[PDB]
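Notes to accompany the following structure.
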Amino acid sequence: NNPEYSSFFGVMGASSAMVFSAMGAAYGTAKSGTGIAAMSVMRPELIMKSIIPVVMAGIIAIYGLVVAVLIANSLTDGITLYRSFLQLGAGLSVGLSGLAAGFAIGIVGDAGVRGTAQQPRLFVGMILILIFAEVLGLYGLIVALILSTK
Amino acid sequence: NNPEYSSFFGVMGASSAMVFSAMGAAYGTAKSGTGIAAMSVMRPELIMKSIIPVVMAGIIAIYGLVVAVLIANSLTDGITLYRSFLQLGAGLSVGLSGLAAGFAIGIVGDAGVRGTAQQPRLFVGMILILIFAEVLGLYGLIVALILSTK
Amino acid sequence: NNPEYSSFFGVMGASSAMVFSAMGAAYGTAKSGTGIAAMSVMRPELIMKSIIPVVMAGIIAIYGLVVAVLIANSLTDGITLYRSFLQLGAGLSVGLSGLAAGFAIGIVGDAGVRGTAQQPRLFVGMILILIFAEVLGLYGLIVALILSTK
Amino acid sequence: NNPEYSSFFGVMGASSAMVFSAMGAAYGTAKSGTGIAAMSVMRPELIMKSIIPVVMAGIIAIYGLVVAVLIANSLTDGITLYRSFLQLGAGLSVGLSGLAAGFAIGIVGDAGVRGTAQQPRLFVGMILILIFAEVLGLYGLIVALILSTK
Amino acid sequence: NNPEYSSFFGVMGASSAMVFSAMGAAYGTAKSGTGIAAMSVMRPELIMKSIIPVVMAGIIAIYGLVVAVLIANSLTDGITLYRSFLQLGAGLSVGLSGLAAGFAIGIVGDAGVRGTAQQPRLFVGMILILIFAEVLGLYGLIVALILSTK
Amino acid sequence: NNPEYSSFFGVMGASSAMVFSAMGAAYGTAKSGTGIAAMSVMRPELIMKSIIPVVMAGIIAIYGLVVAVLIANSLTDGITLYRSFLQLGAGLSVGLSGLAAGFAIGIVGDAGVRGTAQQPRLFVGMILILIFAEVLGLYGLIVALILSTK
Amino acid sequence: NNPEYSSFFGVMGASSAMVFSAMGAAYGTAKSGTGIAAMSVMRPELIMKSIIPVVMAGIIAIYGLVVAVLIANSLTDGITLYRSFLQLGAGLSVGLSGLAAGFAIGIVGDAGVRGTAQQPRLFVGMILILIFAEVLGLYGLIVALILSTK
Amino acid sequence: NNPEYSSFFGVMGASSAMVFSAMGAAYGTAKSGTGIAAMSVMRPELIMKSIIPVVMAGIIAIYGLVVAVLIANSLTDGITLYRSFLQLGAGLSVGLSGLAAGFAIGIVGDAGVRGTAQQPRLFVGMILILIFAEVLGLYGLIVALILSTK
Amino acid sequence: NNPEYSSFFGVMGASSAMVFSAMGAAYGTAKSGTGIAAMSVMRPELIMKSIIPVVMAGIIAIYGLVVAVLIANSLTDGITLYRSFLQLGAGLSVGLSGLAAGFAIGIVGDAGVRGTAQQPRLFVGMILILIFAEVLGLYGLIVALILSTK
Amino acid sequence: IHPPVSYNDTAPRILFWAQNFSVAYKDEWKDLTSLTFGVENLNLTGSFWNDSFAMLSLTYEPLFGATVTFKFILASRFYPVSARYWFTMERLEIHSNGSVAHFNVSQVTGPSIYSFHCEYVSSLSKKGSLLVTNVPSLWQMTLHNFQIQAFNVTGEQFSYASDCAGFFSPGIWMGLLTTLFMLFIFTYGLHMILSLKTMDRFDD
Amino acid sequence: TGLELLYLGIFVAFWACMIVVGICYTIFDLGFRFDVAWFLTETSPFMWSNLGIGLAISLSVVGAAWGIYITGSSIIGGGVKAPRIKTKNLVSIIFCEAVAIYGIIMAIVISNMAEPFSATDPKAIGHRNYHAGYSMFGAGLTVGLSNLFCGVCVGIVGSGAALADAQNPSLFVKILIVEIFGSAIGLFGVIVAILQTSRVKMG
Amino acid sequence: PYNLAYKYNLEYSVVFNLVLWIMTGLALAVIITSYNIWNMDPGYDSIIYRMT
């Protein structure tokens with residue numbers, strides 16, 4: 001029969017998927033918000049357009065939530081150790097990829113908002129770079145989904 | 001079987017849910033309070049409005065308290081190991097997500113408060129960014145509840 | 001029946017409840033002491049009025065003492081390993097929560113008293129922020145009581 | 001018979017293949033994004049050309065995703081320990097090679113963008129350097145394909 | 001009957017009490033001595049009064065000594081492992097709580113004597129903050145007594 | 001006979017042969033790219049001639065790739081622990097040797113190109129020094145080929 | 001019927017009682033020596049008065065020596081594991097207490113002699129602080145003697 | 001007879017003998033290359049003379065190569081643990097000696113390459129210090145040969 | 001008869017006695033010697049007097065050598081485990097005590113020689129402080145002889 | 001779960017359990033699990049239990065045409081380095097028709113107050129080879145999940161279980177320490193190489 | 001503090017794990033598993049002996065090269081303005097290299113002590129062989145680390161002496177005594193290594 | 001029943017060390033890479049001096 005401690009790795013997959021995605025989103029929001037705060041003192045009207053980096057950072061927390069809820073609803077008492085490993089792998093693959101995407105979003109958003117304060121034309125390029133930064137968390141989600149549903 | 005030590009992981013879930021959420025709130029209150037003190041030297045009328053970040057930092061700790069109380073009520077001497085792991089997962093998911101939310105709130109509150117000292121229009125932008133940051137703690141709470149009541 | 005190492009976690013819960021809470025209160029009192037002394041050079045009349053952060057730091061050590069005495073009194077020879085884990089969890093929940101609350105109280109006390117030296121309007125705001133930092137240790141105490149009595 | 005713990009190395013192979021490629025792409029996107037933002041203050045015309053470093057960084061994340069998908073698709077519960085180790089090797093070889101490639105892309109992209117603002121002649125050499133820094137991800141991908149499909 | 005390694009935790013209780021209380025008292029004395037040496041240059045008549053922080057730092061070592069002697073007297077060849085755990089808990093409580101008290105007393109006394117060089121009215125506030133920082137060692141002693149005589 | 005876990009060292013040999021070679025080459029490309037960007041502002045004509053350090057940083061990755069491909073094509077299922085160790089040894093001897101060669105290439109390329117901006121006669125000396133730094137990767141390749149084909 | 005490895009702990013008792021007291025006394029002599037020299041470049045007549053902290057640091061090493069000789073004389077091949085634990089406890093409680101007293105004496109002596117050059121009145125205050133620091137090593141000695149002569 | 005894993009230590013001998021020698025030679029080449037690049041801009045005609053420390057770093061690498069090749073050819077399948085550990089000893093003997101000798105060559109070569117530009121008489125002095133810095137790697141090679149041919 | 005591994009701790013006693021005493025002597029000689037050399041250009045006639053700290057540092061190496069020779073002479077292959085521990089204790093109690101004495105001697109020699117170069121009358125005070133610092137090595141030697149000859 | 005074999009001398013003295021107990025003679029593998037566990041007619045005659053020496057003499061009548069006997073021989077004694085009576089299975093001894101074949105048992109040891117468990121106490125190299133012979137022999141044996149306790153036995157229960165499966169083994173220890181020395185050397189070298197620097201300026 | 005954070009984190013995590021593991025083993029009565037005897041006995045004597053030789057030479061070279069660059073940097077720098085330095089202050093280099101010479105001599109001497117066993121049961125390996133292994137390891141550590149510290153010390157003093165010579169030629173012959181006193185530590189390490197391996201015979 | 005021992009597999013040393021050291025390596029790699037990204041030079045120093 002399957003081992004008793006098997007559910008541990010699945011539960012850690014869920015908690016990791018949520019925790020590291022939350023850390024990535026927190027860092028992204030922190031840096032982007034600092035950028036917006038510095039930008040505002042000079043260019044007030046850009047404040048709302050410049051919240052977009054915060055939103056793209058929050059996407060990463062939403063991705064972590066998706067994987068965490070999916071794993072949590074997939075957990076069972078008799079979970080085979082193989083499924084527990086799949087869930088742990090998916091959880092980390094989304095959580096740490098989201099952490100990296102949060103780093104990218106935070107740094108790019110801070111620098112890009114500060115720049116867009118000084119030169120409005122940057123906004124489009126900043127959005128493109130933020131998209132390239134967020135698609136990393138998206139790829140992490142894809143890997144997590146393939147692992148988990150497998 | 002249900003080994004004799006099984007409740008250890010549930011107790012650690014409760015302890016984590018409270019401790020890590022409290023540290024998130026403590027940081028989100030320390031940074032925010034330093035920012036408020038630095039701002040108030042010149043804008044004494046903004047203190048009450050600028051206390052909001054402290055309130056959301058406290059909300060993080062309240063999420064932690066909710067999940068910690070839930071785990072501590074779900075604990076039992078014969079708690080099966082699978083349930084104990086679920087509770088540990090909930091504890092970490094709320095605690096460390098609240099810690100990330102607290103860091104985000106602290107940084108955002110400090111920067112935005114020092115900004116709204118100099119540009120009042122930044123206040124509502126701060127409010128939006130802070131709600132985004134606190135929604136990270138809320139996601140942590142959601143996953144924690146799902147795990148604990150799974 | 002009960003393993004004879006069961007009381008180790010009880011004694012470590014008591015020792016954590018006191019040690020970590022006292023470290024938090026000590027840091028709070030140290031930072032508040034530096035802040036108070038620095039302010040008092042120019043604003044001596046505020047010396048006594050500005051003792052509040054120290055008091056709200058000592059309250060954290062009082063929470064630690066209450067929980068530690070509870071555990072120490074509730075710790076018999078044949079303590080069930082599950083109950084010993086409960087007491088360890090209570091000790092950590094109060095101790096590290098008091099550590100977080102003490103860090104927040106210390107930083108806020110330093111900032112708030114230094115500001116009050118300059119802007120008298122900041123005293124009520126500082127007290128509000130200190131109350132928010134203190135309720136974290138209070139949450140820790142509540143969770144610790146739930147675990148200990150459970 | 002094959003050990004139940006065999007799949008752990010495969011799931012870590014997939015998770016690593018994605019996580020480290022994501023970290024490399026995140027560094028490459030972040031530093032190149034700060035470079036683009038700093039450049040755009042003076043030379044807005046160059047944003048859409050200077051975006052190329054970010055595309056190079058993203059291709060590393062795509063390499064990571066492809067290898068992670070191969071591994072995840074090839075996972076099973078009875079996966080023989082030999083195939084599990086092969087998949088861990090593929091995951092590391094592409095993940096950390098992409099990590100190094102993304103770090104090189106970030107550094108050279110930032111330097112090349114900032115230099116191209118000053119000296120347009122630098123663009124072609126920047127393209128060559130980015131290609132040399134990026135084919136490291138391709139070598140990692142080749143090794144990972146061999147190990148994973150072996 | 002009772003394990004032979006039982007006495008190890010008791011002797012660590014005693015040595016921990018003394019060592020950590022002595023380290024707290026030593027840190028407090030060192031910081032207060034540096035403060036007194038800096039202050040005395042301009043205000044020689046304050047050297048004798050400014051030794052109060054040193055006295056309250058030494059009282060922490062006295063707490064540690066009392067708990068250490070209690071544990072040392074309680075040690076005997078066949079003490080139950082439970083009693084040894086109690087003595088370890090008392091030692092850690094008194095010693096590390098006194099260490100925190102010594103840290104607080106050191107910083108408070110240094111800052112307070114340096115301030116009292118300038119604003120004589122700071123002395124009463126310094127004494128009160130020292131009392132608050134010192135009752136942490138007293139809480140450690142109370143918990144240590146409750147554990148050690150149980 | 002040929003324990004089940006024997007392939008692990010060979011697979012790690014392949015992973016090292018690629019990863020550490022890639023990191024050496026990535027550092028070389030990054031450092032030499034920064035040097036070339038700095039040099040190209042004032043001496044545009046030198047950029048295409050000065051890409052040699054980047055080429056020699058890339059060649060380290062070809063060494064790593066060759067050894068990694070040879071190891072990957074020399075991995076049967078029941079590989080003897082002796083051959084698995086040989087392939088780990090080849091992987092390290094080429095990967096870490098390439099890492100050292102990459103550090104040498106990076107430092108020498110940065111210094112040499114930024115100097116050749118000032119003094120044209122330094123170019124041939126830089127090429128010789130880069131050859132001496134490069135043949136370290138070649139010595140690693142030689143040892144790795146001997147070990148891996150043994 | 002006792003373990004042959006029992007005497008290891010008593011040997012470490014003596015070894016700590018000497019090593020840590022020697023380290024504390026070395027620090028107390030070193031800091032005090034730098035202070036005495038830097039003072040003597042200007043006020044040579046204070047050398048012999050200011051040598052006091054060095055002597056009080058040396059008394060810490062004498063405490064360590066007395067305890068180490070006592071433990072060494074107490075060692076035997078058949079020493080019970082209980083007595084060996086007593087002697088390790090005594091060794092630590094004298095050695096590390098002397099280490100703390102040595103740090104305190106060193107810092108206090110350095111600062112005190114430096115000040116006593118500037119303010120002759122500070123001499124008695126310095127001596128009192130140094131007596132308080134020395135009494136910590138004395139408490140370590142008392143605990144060590146109690147334990148080692150149980 | 002001999003344990004299955006006996007070849008690991010000889011393999012590590014070979015890989016270390018190459019890797020550490022490569023790292024020493026790389027450090028030597030990098031430091032000497034920085035020195036030569038700095039020297040060339042002011043005194044171009046000394047480049048080819050000043051390239052000597054790089055030659056000696058290459059010689060260190062060759063010592064490593066010789067020992068590594070010897071061990072690799074000595075590694076048979078049934079290698080006794082005694083021969084395997086002899087070869088590990090030789091691997092460290094050449095690798096770490098070559099590492100230190102390479103560091104010394106790098107530093108003295110940098111200093112002497114710079115010095116020769118300001119004071120040409122120092123050329124022979126630099127060479128004479130360098131041959132002493134390299135006979136250390138030669139010593140390591142001697143001991144490695146003796147060990148690996150014992 | 002005695003265990004196989006017993007002589008290990010005696011061997012390490014000898015190795016510690018020499019390694020740590022060599023560390024202390026080397027540091028004392030190096031620190032005092034750089035002090036002496038830097039002094040000598042200002043005051044060439046003081047060198048033969050300033051050598052005294054170097055001799056005091058050498059005496060630490062002599063203590064280490066004496067204890068190490070005693071251990072190595074008494075240490076037979078099959079000594080009792082109790083004697084092996086005694087010799088390890090003597091080795092540490094001379095080696096690390098002599099290390100502390102070496103640090104004290106180095107710091108005091110550097111400071112005192114530099115001061116004496118500026119103020120001749122500091123010489124005798126420096127001699128006294130050096131005696132107090134070097135006597136720690138003598139205490140280590142006494143404990144080491146007692147343990148090793150017991 | 002079939003019950004353990006319990007050699008009784010006024011009380012359970014020797015407890016012996018194995019999930020799958022198989023033997024082979026000239027490669028004719030046979031299974032003795034059913035013939036051993038749960039059969040009330042098992043022939044343990046010739047077994048012996050000193051206070052410091054034990055011998056479990058299992059016997060099977062028709063097997064391989066002769067009444068074969070397997071004597072598991074263990075001892076327990078006071079190891080002065082620690083106050084504990086440690087027990088070791090000295091050997092295993094197979095009596096065929098007119099001859100005896102000896103297997104030494106390499107790693108079966110533990111505190112006498114605890115039982116000893118080990119997956120695959122078997123003579124096959126594929127399965128740990130805890131049983132061993134220096135002289136080539138006709139017999140082979142495998143005891144999947146072999147658990148035994150011959151001293152300080154309490155009723156029908158095995159005491160707590162020591163076992164061979166540990167966190168570390170001698171080979172892994174040698175490898176880890178060699179790798180730790182190499183990692184110190186590499187970290188020193190990498191610290192020096194990383195702390196390299198390049199000039200930020202050049203002369204005129 | 002970048003790399004030192006990694007070092008400190010590894011150190012602190014390792015020792016926290018060791019404290020927790022020791023407490024757990026002791027408390028759970030599992031102390032009988034923590035067989036330091038089994039470790040020291042099964043870990044082959046060859047490992048200890050060859051680590052001893054390798055370190056005996058390699059740490060001595062890490063000392064010699066370290067001192068050589070410490071003192072060579074100063075020799076060259078001071079020689080830029082005072083070229084007379086180069087010929088005279090080479091004695092510091094000679095003293096640093098004598099340390100590596102001690103290293104090779106003792107490494108060869110120790111390697112002369114290793115012999116094969118053809119025995120693998122610890123009772124058959126025996127006290128003599130285990131002692132040979134540990135004593136060669138001890139000699140290796142003794143000579144290697146004593147020489148490392150001695151070379152570093154002599155390098156520091158030689159740098160000081162070269163800088164002093166840069167400004168007063170007569171100064172060198174008197175500062176050289178400090179280098180001699182430093183150098184004596186390597187000889188002491190060699191003596192202790194010889195005595196450690198005085199009665200060693202593998203076989 | 002019978003207090004039978006937990007059935008630890010004989011390969012426990014190998015699997016334990018593989019897991020422990022592979023995971024330590026991966027964790028250290030993640031921590032170091034994330035530290036480098038976290039303390040990455042933010043690059044907007046060309047903007048800072050106006051904002052400060």
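Identifiers in the structure tokens: chain A, B, ... in order shown; residue index from 1 per chain; ligand index from 1 in order shown.
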For residue 88 in chain H, please output as a PyMOL selection string all residues within 12 Å (counting only C-alpha atoms; exclusion window: fewer than 3 positions along the same chain).
(chain H and resi 6-17+67-68+70-72+74-75+81-85+91-96+143-145+147-148) or (chain J and resi 174-175+178-179+181-182) or (chain K and resi 46-55)
Please, which residues of range 36-133 of chain E, numbered as in this document, come out helix (DSSP H, G or I) from DSSP, as a PyMOL selection string?
chain E and resi 36-39+44-46+49-74+81-116+122-133
Compile the contact shell of residue 125 in chain G as a PyMOL selection string: residues with an atom at most 12 Å away, counting only C-alpha atoms, same-chain residues fewer than 4 positions apart removed.
(chain E and resi 32-37+39-40+44-52+54) or (chain G and resi 108-109+111-113+115-116+119-121+129-132)
All residues 7 Å or closer to residue 196 in chain K, only C-alpha atoms, same chain fewer than 2 positions away omitted, as an NGL selection string:
(:I and (72)) or (:K and (135 or 139 or 192-194 or 198))
Rounded to one decimal place, report the CA of residue 69 in chain I-CA of residue 78 in chain G distance in Å.
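Value for the CA of residue 69 in chain I-CA of residue 78 in chain G distance: 26.7 Å.
Candidate residues A:31, A:122, A:60, A:114 were compared for distance to residue 48 in chain L, and the nearest is A:114, using only C-alpha atoms.
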